[PDB]
Amino acid sequence: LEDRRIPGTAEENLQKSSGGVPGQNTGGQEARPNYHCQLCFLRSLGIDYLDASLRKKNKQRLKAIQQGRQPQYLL
(Lines give C-alpha, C1' and ligand atoms only; values in the text may rest on other atoms or scores of the structure.)
Protein backbone atom coordinates (compact mmCIF):
# COMPACT_ATOMS: atom_id res chain seq x y z
CA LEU A 1 0.00 0.00 0.00
CA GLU A 2 1.78 3.21 -1.22
CA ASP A 3 0.88 6.58 -2.90
CA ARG A 4 -0.31 7.07 -6.59
CA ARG A 5 -3.00 4.26 -6.34
CA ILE A 6 -4.14 4.62 -2.67
CA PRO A 7 -7.75 5.74 -3.51
CA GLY A 8 -7.98 3.27 -6.51
CA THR A 9 -6.98 6.20 -8.86
CA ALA A 10 -3.85 4.45 -10.35
CA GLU A 11 -1.74 7.64 -10.97
CA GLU A 12 -5.07 9.54 -11.71
CA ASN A 13 -5.87 7.25 -14.76
CA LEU A 14 -9.12 9.29 -15.22
CA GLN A 15 -9.77 11.41 -11.99
CA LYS A 16 -10.20 10.97 -8.16
CA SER A 17 -13.86 12.19 -7.75
CA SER A 18 -16.13 14.40 -9.98
CA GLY A 19 -19.47 12.77 -11.18
CA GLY A 20 -21.81 12.87 -8.13
CA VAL A 21 -19.16 14.53 -5.86
CA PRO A 22 -15.94 16.35 -6.90
CA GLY A 23 -14.87 18.46 -3.86
CA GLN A 24 -12.49 21.26 -5.00
CA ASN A 25 -10.79 21.02 -1.55
CA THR A 26 -10.15 17.23 -2.07
CA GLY A 27 -8.95 17.97 -5.69
CA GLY A 28 -11.78 18.90 -8.14
CA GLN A 29 -10.41 21.26 -10.85
CA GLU A 30 -7.21 22.65 -9.18
CA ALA A 31 -6.49 19.06 -7.76
CA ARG A 32 -3.73 20.40 -5.36
CA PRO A 33 -5.32 22.36 -2.32
CA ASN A 34 -6.48 21.05 1.20
CA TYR A 35 -7.43 17.40 0.41
CA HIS A 36 -4.32 16.61 2.67
CA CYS A 37 -3.27 20.41 2.59
CA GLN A 38 -0.77 19.67 -0.25
CA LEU A 39 1.50 18.09 2.43
CA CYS A 40 -0.52 15.55 4.40
CA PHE A 41 -0.86 13.84 0.91
CA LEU A 42 -1.65 9.98 1.02
CA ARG A 43 -5.48 10.83 0.79
CA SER A 44 -5.87 12.41 -2.80
CA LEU A 45 -2.48 12.88 -4.64
CA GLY A 46 -2.75 13.84 -8.31
CA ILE A 47 0.73 12.19 -8.90
CA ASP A 48 3.47 10.54 -6.71
CA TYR A 49 3.34 13.75 -4.60
CA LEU A 50 5.97 12.86 -1.92
CA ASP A 51 5.30 16.50 -0.71
CA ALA A 52 7.30 19.28 -2.54
CA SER A 53 6.65 21.80 0.27
CA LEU A 54 7.39 20.03 3.58
CA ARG A 55 8.74 16.74 1.87
CA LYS A 56 9.41 15.25 5.43
CA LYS A 57 13.14 14.76 4.42
CA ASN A 58 13.64 14.75 0.56
CA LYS A 59 13.99 18.27 -1.10
CA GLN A 60 17.56 18.95 0.27
CA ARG A 61 19.17 15.41 0.07
CA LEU A 62 19.91 15.29 -3.74
CA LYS A 63 21.63 18.36 -5.38
CA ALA A 64 18.58 18.80 -7.70
CA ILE A 65 15.59 17.25 -5.77
CA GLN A 66 15.77 20.26 -3.29
CA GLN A 67 14.46 22.38 -6.25
CA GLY A 68 12.72 20.05 -8.92
CA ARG A 69 9.75 22.64 -9.17
CA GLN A 70 7.13 19.95 -8.15
CA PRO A 71 8.15 16.65 -6.31
CA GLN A 72 8.00 13.04 -7.77
CA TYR A 73 5.02 13.98 -10.10
CA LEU A 74 3.44 11.16 -12.23
CA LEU A 75 6.89 9.61 -13.09
# chains A, B, ... in the order shown; residues from 1 in each chain; ligands from 1
>>> residues_around(residues="residue A:17", least_positions_apart="5", cutoff="8 Å", atoms="only C-alpha atoms", output="VMD selection string")
chain A and resid 22 to 23 27 to 28
>>> residues_around(residues="residue A:58", least_positions_apart="4", cutoff="12 Å", atoms="only C-alpha atoms", output="list in words")
residues 49, 50, 51, 52, 53, 54, 62, 63, 64, 65, 66, 67, 68, 71 and 72 of chain A
>>> select_by_dssp(residues="chain A", states="alpha helix (DSSP H)", output="list in words")
residues 24, 25, 26 and 27 of chain A
>>> write_last_selection(atoms="N, CA, C and O atoms", output="PDB file, in the first residue's frame")
ATOM      1  N   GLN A  24     -13.703  20.447  -4.611  1.00  0.00           N
ATOM      2  CA  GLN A  24     -12.485  21.265  -5.004  1.00  0.00           C
ATOM      3  C   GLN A  24     -11.374  21.125  -3.948  1.00  0.00           C
ATOM      4  O   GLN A  24     -10.226  20.892  -4.265  1.00  0.00           O
ATOM      5  N   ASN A  25     -11.755  21.202  -2.708  1.00  0.00           N
ATOM      6  CA  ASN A  25     -10.792  21.025  -1.553  1.00  0.00           C
ATOM      7  C   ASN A  25     -10.060  19.667  -1.668  1.00  0.00           C
ATOM      8  O   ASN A  25      -8.851  19.609  -1.558  1.00  0.00           O
ATOM      9  N   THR A  26     -10.787  18.592  -1.917  1.00  0.00           N
ATOM     10  CA  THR A  26     -10.147  17.229  -2.072  1.00  0.00           C
ATOM     11  C   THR A  26      -9.372  17.120  -3.412  1.00  0.00           C
ATOM     12  O   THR A  26      -8.556  16.227  -3.581  1.00  0.00           O
ATOM     13  N   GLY A  27      -9.638  17.999  -4.358  1.00  0.00           N
ATOM     14  CA  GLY A  27      -8.950  17.967  -5.692  1.00  0.00           C
ATOM     15  C   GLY A  27     -10.006  17.847  -6.794  1.00  0.00           C
ATOM     16  O   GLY A  27     -10.188  16.786  -7.369  1.00  0.00           O
TER      17      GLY A  27
END
>>> residues_around(residues="residue A:74", least_positions_apart="5", cutoff="7 Å", atoms="only C-alpha atoms", output="JSON list (two decimals) with C-alpha atoms, in the first residue's frame")
[["chain", "number", "residue", "atom", "x", "y", "z"],
["A", 11, "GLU", "CA", -1.74, 7.64, -10.97],
["A", 47, "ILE", "CA", 0.73, 12.19, -8.90],
["A", 48, "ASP", "CA", 3.47, 10.54, -6.71]]
>>> atom_distance(atom1="atom CA of residue A:70", atom2="atom CA of residue A:33")
14.0 Å
>>> closest_residue(among="A:42, A:30, A:61, A:73", to="residue A:2", atoms="only C-alpha atoms")
A:42
>>> residues_around(residues="residue A:43", least_positions_apart="2", cutoff="9 Å", atoms="only C-alpha atoms", output="ChimeraX atom specification")
/A:3,6-7,26,35-36,40-41,45
>>> write_last_selection(atoms="N, CA, C and O atoms", output="PDB file, in the first residue's frame")
ATOM      1  N   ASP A   3       1.596   5.426  -2.288  1.00  0.00           N
ATOM      2  CA  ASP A   3       0.880   6.578  -2.900  1.00  0.00           C
ATOM      3  C   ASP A   3       0.509   6.236  -4.371  1.00  0.00           C
ATOM      4  O   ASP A   3       0.630   5.094  -4.805  1.00  0.00           O
ATOM      5  N   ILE A   6      -3.595   4.858  -4.061  1.00  0.00           N
ATOM      6  CA  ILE A   6      -4.139   4.622  -2.670  1.00  0.00           C
ATOM      7  C   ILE A   6      -5.691   4.646  -2.709  1.00  0.00           C
ATOM      8  O   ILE A   6      -6.326   3.760  -2.166  1.00  0.00           O
ATOM      9  N   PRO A   7      -6.254   5.648  -3.387  1.00  0.00           N
ATOM     10  CA  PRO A   7      -7.747   5.738  -3.512  1.00  0.00           C
ATOM     11  C   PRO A   7      -8.262   5.032  -4.797  1.00  0.00           C
ATOM     12  O   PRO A   7      -9.268   5.424  -5.367  1.00  0.00           O
ATOM     13  N   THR A  26     -10.787  18.592  -1.917  1.00  0.00           N
ATOM     14  CA  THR A  26     -10.147  17.229  -2.072  1.00  0.00           C
ATOM     15  C   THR A  26      -9.372  17.120  -3.412  1.00  0.00           C
ATOM     16  O   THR A  26      -8.556  16.227  -3.581  1.00  0.00           O
ATOM     17  N   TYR A  35      -7.231  18.897   0.419  1.00  0.00           N
ATOM     18  CA  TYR A  35      -7.428  17.399   0.411  1.00  0.00           C
ATOM     19  C   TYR A  35      -6.634  16.681   1.582  1.00  0.00           C
ATOM     20  O   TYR A  35      -7.157  15.911   2.361  1.00  0.00           O
ATOM     21  N   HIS A  36      -5.383  17.032   1.659  1.00  0.00           N
ATOM     22  CA  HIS A  36      -4.324  16.608   2.668  1.00  0.00           C
ATOM     23  C   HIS A  36      -3.329  17.860   2.787  1.00  0.00           C
ATOM     24  O   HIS A  36      -2.139  17.755   2.875  1.00  0.00           O
ATOM     25  N   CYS A  40       0.013  16.763   3.756  1.00  0.00           N
ATOM     26  CA  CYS A  40      -0.524  15.551   4.396  1.00  0.00           C
ATOM     27  C   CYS A  40      -0.525  14.416   3.348  1.00  0.00           C
ATOM     28  O   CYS A  40      -0.233  13.280   3.675  1.00  0.00           O
ATOM     29  N   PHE A  41      -0.821  14.771   2.073  1.00  0.00           N
ATOM     30  CA  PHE A  41      -0.863  13.838   0.913  1.00  0.00           C
ATOM     31  C   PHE A  41      -1.417  12.442   1.335  1.00  0.00           C
ATOM     32  O   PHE A  41      -2.263  12.395   2.222  1.00  0.00           O
ATOM     33  N   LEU A  45      -3.730  13.128  -3.881  1.00  0.00           N
ATOM     34  CA  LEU A  45      -2.482  12.877  -4.635  1.00  0.00           C
ATOM     35  C   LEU A  45      -2.772  12.737  -6.122  1.00  0.00           C
ATOM     36  O   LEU A  45      -3.155  11.692  -6.621  1.00  0.00           O
TER      37      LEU A  45
END
>>> residues_around(residues="residue A:9", least_positions_apart="6", cutoff="9 Å", atoms="only C-alpha atoms", output="JSON, numbers by chain")
{"A": [15, 16, 44, 46]}
>>> atom_distance(atom1="atom CA of residue A:39", atom2="atom CA of residue A:55")
7.4 Å
